[PDB]
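Shown below, as structure tokens, is a lone chain in the form solved without the named molecule; questions about how it binds or moves come after it.
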């Protein structure tokens, strides 16, 4: 059975993604940085739906630790068919007021996270010889920019460029690579045409569609789920 890793899936959008992918018939491996009991509850929900699940704990910024954990996980459970890079981080503030930590933690969590998680998993995915799915979570801020978010806009825009480039490299192996860019999600309203925040499942549904076999001709794309914001 095809297995998908979802980062930051103990709560929020990542949890909704994990549950929808399980309902669609994937085995789903849960991940969190620190909330272990929260991760175990999601694992139990996925098992209740009739799929296999377990969780992995790591900080996506810990390059060597992430490599070791994922290498061992692939050895024990096989390569991942899909990877959803959902975990990210903000440190909002006017640009001249941003601290070194405000900048670096935001940039690294998204972009180091992309490299650190995907580098150990590309070859195990290719070796499944059945295509694959990679979906990154960006933001409307990565497309348009946002005041107080020069760091977050840069990190989420960088994720878009990484996604498009990797789509080109992996297309020959039938691995699609796409990005989902949420707007304002429940986990400003009078700029949103639909006049409300989005719900976590409204984001997860797009990720689930892209991970489905039906989405086989979609790659290199940024799909905005933002109530019409842009």
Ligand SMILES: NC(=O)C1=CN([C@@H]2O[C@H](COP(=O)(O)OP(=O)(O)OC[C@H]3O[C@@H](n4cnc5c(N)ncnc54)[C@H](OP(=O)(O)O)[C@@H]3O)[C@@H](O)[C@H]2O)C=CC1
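Numbering follows the first chain given and starts at 1.
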According to the entry, how many residues of the deposited sequence fall between residue 187 and residue 188 and are not modelled? Options: none, 1 to 3, 4 to 9, 10 or more. 10 or more
Looking only at CA atoms, which has the higher mean B factor in the entry: 40 to 48 or 165 to 173? 40 to 48
When mean C-alpha B-factors in the record are compared for 94 to 102 and 123 to 131, the larger belongs to 94 to 102
Could you check 195, 205, 178, 29 and tell me which one carries the biggest Cα B-factor in the deposited entry? 195
Of the three thirds of its chain by CA temperature factor, lowest, middle or highest, which one includes residue 78? highest
Considering every modelled residue of the chain and its Cα B-factor in the PDB entry, is residue 212 in the lowest, middle or highest third? middle
CA B-factor ranking of residue 15, expressed as a third of its chain: middle
Going by the recorded CA B-factors, say which third of the chain residue 148 sits in, lowest, middle or highest. highest
Residue 229, C-alpha B-factor rank within chain (lowest, middle or highest third): middle
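Just so you know, the form solved in complex with the named molecule exists too; it's not on screen, but the next bit is about it.
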Check residue 12 for me: does it contact the named molecule in the entry with it bound (non-hydrogen atoms, 4.5 angstroms)? yes
Is residue 35 near the named molecule? Define near as a heavy atom within 4.5 Å, in the entry with it bound. yes
For residue 133, is any heavy atom within 4.5 Å of the named molecule in the entry with it bound, or not? no
Contact with the named molecule in the entry with it bound for residue 116, defined as at least one heavy atom pair within 4.5 Å: yes or no? no
Which of these stretches, 68 to 76, 96 to 104, 122 to 130, 136 to 144, has heavy atoms within 4.5 Å of the named molecule in the entry with it bound? 136 to 144
Which pick from 41, 205, 47, 61 sits with a heavy atom within 4.5 Å of the named molecule in the entry with it bound? 61
Listed residue (171, 165, 191, 184) with a non-hydrogen atom within 4.5 angstroms of the named molecule in the entry with it bound: 184
So which residues in 139 to 169, when you check the named molecule in the entry with it bound, have a heavy atom no farther than 4.5 Å from it? 139, 152, 156
